[PDB]
Every structure is written in structure tokens, then in C-alpha cells.
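Worksheet: the structure to be examined is printed underneath.
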Protein chains: 2
Amino acid sequence: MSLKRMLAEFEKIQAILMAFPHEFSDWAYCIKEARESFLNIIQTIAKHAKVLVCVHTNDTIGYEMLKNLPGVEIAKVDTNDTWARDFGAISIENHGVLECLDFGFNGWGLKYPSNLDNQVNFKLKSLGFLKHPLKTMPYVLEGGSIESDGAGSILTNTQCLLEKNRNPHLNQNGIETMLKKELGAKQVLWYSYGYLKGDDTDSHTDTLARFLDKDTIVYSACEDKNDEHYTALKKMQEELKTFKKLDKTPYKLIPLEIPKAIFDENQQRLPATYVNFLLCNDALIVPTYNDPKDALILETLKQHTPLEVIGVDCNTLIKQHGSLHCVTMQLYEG
Amino acid sequence: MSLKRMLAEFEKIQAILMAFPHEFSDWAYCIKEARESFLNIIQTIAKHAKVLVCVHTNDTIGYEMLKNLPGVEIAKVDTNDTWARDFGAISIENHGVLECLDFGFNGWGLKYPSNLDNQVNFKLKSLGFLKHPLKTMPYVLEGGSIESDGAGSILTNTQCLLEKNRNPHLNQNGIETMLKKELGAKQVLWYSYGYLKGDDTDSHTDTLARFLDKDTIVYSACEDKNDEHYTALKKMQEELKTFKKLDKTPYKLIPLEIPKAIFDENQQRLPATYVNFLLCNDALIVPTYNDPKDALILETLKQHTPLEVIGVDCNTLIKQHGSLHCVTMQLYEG
């Protein structure tokens, strides 16, 4: 209960927590396509970190697909959806001791059912998959709505944290206080602008602005003044420029232009973003959308990291309004 | 913050909060039937207490139906469903001053979306419909899962309150402590048995055991040893017999046999119960299910209350796994 820190995603990762898609959710419409895509993502991540996949107790087809995958372990646990990033435990370092925090997940502001997602951490712990202390938190918080630099700086936005169906009894100050007490944040970087059409997580920061490293901040941008995102993303860029590290020096900002508009069978725009990447040990796995800009995005990133930049198609994922990072949650071992 | 009490349902009621059914929910399948039934229920309650109905902002058909109903006021507020009993504010008396508590409603353990339901109290307050202080509570609690006798005794069960998706960070003692601090309960009556097939509120007490008055407790029973409820309801009856008022004397128990099994188009059994009644000033409005037992239930109740016993058909309501009481929430004025 004194001097704790939230491990950064770019630190040494033991395994990546995921949840395989099943017929008992929204993936039922294209479950076949869902399985293939996830299988591809899983095999790619497995080459850089162990993978712990939650497979629904009545998901035989899925279990047989992951049963013999190298560097993949299966945990039989039911889920509502595959967004492990938002219901997965948050890992902190309490006085040097590793500790997992089981914050409440209520479906992005009670918009979707989450009776199973919210219990995943508990089940994984009782099943022995989490070899660390699991403390239950009396606050609603998604792992994708916050960003840690691993040194006291927590990046987040008001669009999500101040949403009425999260922690309504608290004010911005009350929420910032819990972030400092529960995550050990010494500085909370707040910004209120920026959004992604088709997204209903209330603008998770992991799709808008994130830490590439201790001194660098990556964010979504748009130059097409004709796109509906231009104005909002520009204001956010201005807000990000006011941020300062704990040493009072400014952050290195790296913009990532959003791909060309993408739509589904119902002509609904999807929230594609290259910001929803995954720092996975020796490799930086970045989402691609079969868009002319993919190649540029990858190269742009190779010039700000010694890590191997690998792209993986996420066109199937965004169909459900979420990308790569939202489907994962890193775990450590100390 | 000292000496508070939760007003009983059998006390002087100013108005009954309800939410009209609309096409933007599960009622869309039989919205026409839903409207008729609700209209009937509303007109019946209006004859004993004012009614405040939440009408969806884009529910024109509904607004025109309630627009000129005597003793009915309309508040334009969106909702997910019509269960005002579970998302409606809980009224207490703080040192004599009336106060409304806006507890969190997360869809009965995150089983259903509740982004709109959870915000109803706040919207009604900002719109001026609630002329009392509205304090936001950091706990999840449904009004139908608890019962107040108006004198310090709070009746409830573990099936609901100890459910993992309610207040997981607390233990039974932690929950009982908040009940004593927030509701002013001096005694909490706990029971762990009893259930209703087809119900997914996790056995709300308002469908199993309730206070008919300060000294009386009404509960659901079953004599058909062939029914799946027999064993469970009998154990609950034994638990209820151990309860004692604050003066150490036992409670007067009144059993109400559940109607003959009822099913929907998909042959799914529905949670019908006569316990889901409504104490409405000078009248006791009781649910009926066009079952041979209705007549008996009404007469049985007339012999334990000077109030007028009126029955109202709830066959349409139970189709959505809930009865009369679940569709209401009384409000006071002090």
C-alpha cells in the first residue's frame, strides 16, 4: 500500500491473455471468419510471447483449433466477447511485489452484457492460471482506457473516464485520486478531444493516444480536411503537445494517419486505427487494414523503435468495432 | 448522516414511477400487446396514486397514449427496459429530511444492457421531476432485491446480494454494513433458499418474500410436491420462520401459492408470482394470471389488510420475466 507502479506494455512480458471467439456471442454471424483471423493473430503473437486463451466451456470447435498450437495454453472460461484488454486484470508492482488488479468491467458503460467478462480474472485465478495476488477493485475501469509509461505517468482521456456509467459518484478529481492510489500514478495526462466513428468504448485512449516508450507518444491523425475526424483529431494533437514528462520536458509526438474509411455490409463506418498495436517483447505487432497506407505506417514506426515491426490484418476484428490491442492483455511474472 | 430510515411501501405514497414500453427494447416483438397491458396497469394505479411515466424521447405512439391520461405525468427519458423497480431511486429519511438514493443498476449482474436505465434517476432530477436531494451511491443495488418495514428491518436474500456481479469486492458482512449505513437498517433478515424458474434477477426478494405490513411477511409457496419449486420454497419457508421483529417476537407468515405453470411461445416457463404486488395507498394491487387460483389469492389477502384488494392481469408482463411490482417504484414527498 505504498509506492506502487503500473508496469508498461513495452516491458518484459510473460504471456498475452486473449479470449477466443465463439458462437455464443456477436461473432456467431461470421464465426468461421472470426476463428481464422484470430488463429492468425494468435500464431503471430505466440512467436514473441506465450499466449493464454480463454476458450468457452462449450466451444469444442475452438478448443480443437488451439489444442496443439505451440506456445499456447488453454483456459476453459466463458466470456461474452473477445475484448480481453478491457476486462483483463491490470498488473501493478506493489513495493516490488507483483499484483493483479481485478477492476470492474461493466461493458463500456453498461452498453453490452458483461456478466461473464467481469468474472474472467476471478476464474483464471481460481483455476490457477494467475500465479499472483488478485485484488478486486470497487471501480469500473477498462485496461484500454488508460496508458502507463512504467514510471508514474498515466495517459488517459475524459471522454471515457468521466462517462456517467463508469464511476458516476466521483468527479474528475476523485478519479484522478484513485488512479494515483491504485495505479501509483505520479502524473495523470488528461485530454478531452478526439474520437473514432464506429467505436462505442467511449474513445478508449488505446485507439487515440498511447506510449510507444517512456519518452514517446503515438497518436491517431488525419490530414483529409474533408474527413469527419479532421477537426477533432487536430484539437487532440494540440492537447497532446501541452503534455510534459516528469522531468518537465515535452513528449516526442508521432502521428499515425487513420486508414481510408472502411464500412461493413450495412455501410456503417468502422473504427480502424494503427494506434491499437501491441508491444510484444522483441516485436511491435501493428494492425493493418489492407489499405495503401499500411506500408507507410509500418516504416514510420521502424524509425522510432529497435523492435521488429510486424503487421497483421485486422479487417475482421474492426467489424466488431475494435482492433488488435483490444483483443489482448499482457501478463508479467515477478 | 445519522439515524436514517427507508420508508416502507405501505406508507403514504405521492406518485409511482414507471417506464412505458417502446420499440427500442425487447418489447418490440409484441409492442402492441405491451402498450395495451401497460395502459391498463397505469389507469388502475392512477386511481390510487399519481403516476410519473418515462416515455422514450422517440416514442411518439406511446406519448400520445399517455398524453391525456388523468393523474398521469410524462417525463421524456430514454430507458432500456420497463423495470423501474430495479433502477428507480431508493427513498430514505435522513434525520427527517427526505432523500433519494441513486444506487447503481447494472442490469441484474451485467446480464442485460442498462446504460439508459442507470441514468434515469439523474435525468429525472435534472428535469425537475424529482424535487428532492439525489445522492449517487457507489454500490450496485436493485430496489426489488430489498424490502423495508419502515422501522429498521430490511428483508433480503443472499442469492441476489452476494452474486459476483453486484458488489464483488465486499463480503456478506460488508454488504450488511452498507445496508445499515445507507438505508439505516437496524436488522437485516437474510435467507438463502427459494427461486423462480424463468427469472433472471437472481431471485429478487420482491418475488419471494415481502413485508405486507410492519408485523407481517408474505411469501411464495407451492404444495404440488411434483413441481420443481416444492423443495426450494419449503426450505425458504423454514428460514422465514426463524425471523424475529425488533421486539424479539416472530413474524406473521402468509403463504401465496404460485399459479399453475405458465409458458411462452418457446415453451419456456415464466416466473409468475402473487408476491409481486404493489401497496398503493388505499389499495393493494395484486397480479393475476388468468389462473383458477387468482380468486383465492385475492380473498386470502383481504383477510390480512383493510386495504382494497384489486387484481390486474400480468400475463403480458411475465412474458419478459417480471411482474407488476418490478414495473414500479414509489416516490414520497416530505
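Residue numbers begin at 1 in each chain, while the letters A, B, ... track the order of the sequences.
Taking 4.5 Å as the limit, some side-chain heavy atom of A:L161 sits within range of a side-chain heavy atom of A:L179. A:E73 is not listed as a side-chain neighbour of A:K50, based on a closest heavy-atom distance of 4.5 Å or more.
Between the B:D86 side chain and the B:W83 main chain, no donor and acceptor come within less than 3.5 Å of each other. Side-chain atoms of A:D117 never come within 3.5 Å of backbone atoms of A:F87 as a donor-acceptor pair (strictly under, hydrogens ignored). At distances below 3.5 Å, at least one donor-acceptor pair connects side-chain atoms of A:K245 with backbone N or O atoms of A:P250.
Residues meeting the side chain to side chain donor-acceptor pair (under 3.5 Å) test with A:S126, sequence neighbours left out: none. Looking at residues two or more places apart in sequence or on another chain, you find a side chain to side chain donor-acceptor pair (under 3.5 Å) between A:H56 and A:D78. By the side-chain contact (heavy atoms from CB on, under 4.5 Å) test, A:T242 pairs with no residue at all, sequence neighbours left out. A:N173 meets the side chain to side chain donor-acceptor pair (under 3.5 Å) test with no other residue; sequence neighbours excluded. Under the side chain to side chain donor-acceptor pair (under 3.5 Å) criterion, B:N171 pairs with no residue at all, not counting sequence neighbours. Remark: A:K47 engages no residue in a salt bridge (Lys or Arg N to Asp or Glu O under 4.0 Å) (not counting sequence neighbours).
At a cut-off of 3.5 Å, with distance as the only test, no side-chain donor of A:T205 or A:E147 sits close to an acceptor on the other residue. Side-chain polar atoms of A:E99 and A:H132 form no donor-acceptor pair below 3.5 angstrom. The closest side-chain donor-acceptor pair between A:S192 and A:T158 falls under 3.5 angstrom. For the 3.5 Å distance criterion, the side chains of A:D313 and A:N315 qualify, holding a donor opposite an acceptor.
Ring pair B:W108/B:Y112: centre-to-centre distance below 6.0 Å. Aromatic pair A:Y289/A:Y274: centroids less than 6.0 angstrom apart.
A 6.0 Å sphere centred on OH of A:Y29 holds no more than 12 heavy atoms belonging to other residues, nucleotides or ligands.
Here A:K235 does not pair with A:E238 in a salt bridge; the nearest charged N to carboxylate O distance is not below 4.0 Å. Comment: A:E308 does not engage A:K302 in a salt bridge, judged by the lack of any side-chain N to carboxylate O separation of less than 4.0 angstrom. Salt bridge A:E23/A:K32: absent, no basic N to carboxylate O contact under 4.0 Å.
Annotation for A:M1 and A:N94: closest pair N-OD1, 3.0 Å, computed over non-hydrogen atoms.
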Please list, one pair per line, the donor and acceptor atoms closer than 3.5 Å that link side chains of residues 325-334 of chain A to other protein atoms, with sequence neighbours excluded.
| residue | atom | partner | partner atom | Å |
| --- | --- | --- | --- | --- |
| A:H325 | ND1 | A:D206 | OD2 | 2.7 |
| A:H325 | NE2 | A:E9 | OE1 | 2.6 |
| A:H325 | NE2 | A:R85 | NE | 3.4 |
| A:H325 | NE2 | A:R85 | NH1 | 3.4 |
| A:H325 | NE2 | A:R85 | NH2 | 3.1 |
| A:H325 | NE2 | A:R210 | NH2 | 3.4 |
| A:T328 | OG1 | A:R85 | NH2 | 3.0 |
| A:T328 | OG1 | A:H325 | O | 3.1 |
| A:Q330 | OE1 | A:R85 | NH1 | 3.1 |
| A:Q330 | OE1 | A:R85 | NH2 | 3.2 |
| A:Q330 | NE2 | A:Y332 | OH | 3.0 |
| A:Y332 | OH | A:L7 | O | 3.4 |
| A:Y332 | OH | A:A8 | O | 2.6 |

Output a table of donor-acceptor pairs, distance under 3.5 Å, between side-chain atoms of residues 59-72 of chain A and any protein atom two or more places apart or on a different chain; print 'none' if there are none.
| residue | atom | partner | partner atom | Å |
| --- | --- | --- | --- | --- |
| A:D59 | OD1 | A:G62 | N | 3.1 |

Would you be so kind as to tabulate the donor-acceptor pairs closer than 3.5 Å made by side chains of residues 37-46 of chain A, with sequence neighbours excluded?
| residue | atom | partner | partner atom | Å |
| --- | --- | --- | --- | --- |
| A:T44 | OG1 | A:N40 | O | 2.8 |

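Sequence neighbours left out, not one pair with a member in residues 293-324 of chain A passes ring pair (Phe, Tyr, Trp, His ring centres under 6.0 Å). Residue pairs that meet the ring pair (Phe, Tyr, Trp, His ring centres under 6.0 Å) test with at least one member in residues 231-271 of chain A, sequence neighbours left out, are A:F211-A:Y251. Among residue pairs with one or both ends in residues 171-196 of chain A, those qualifying as ring pair (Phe, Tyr, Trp, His ring centres under 6.0 Å) are A:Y195-A:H229; sequence neighbours excluded.
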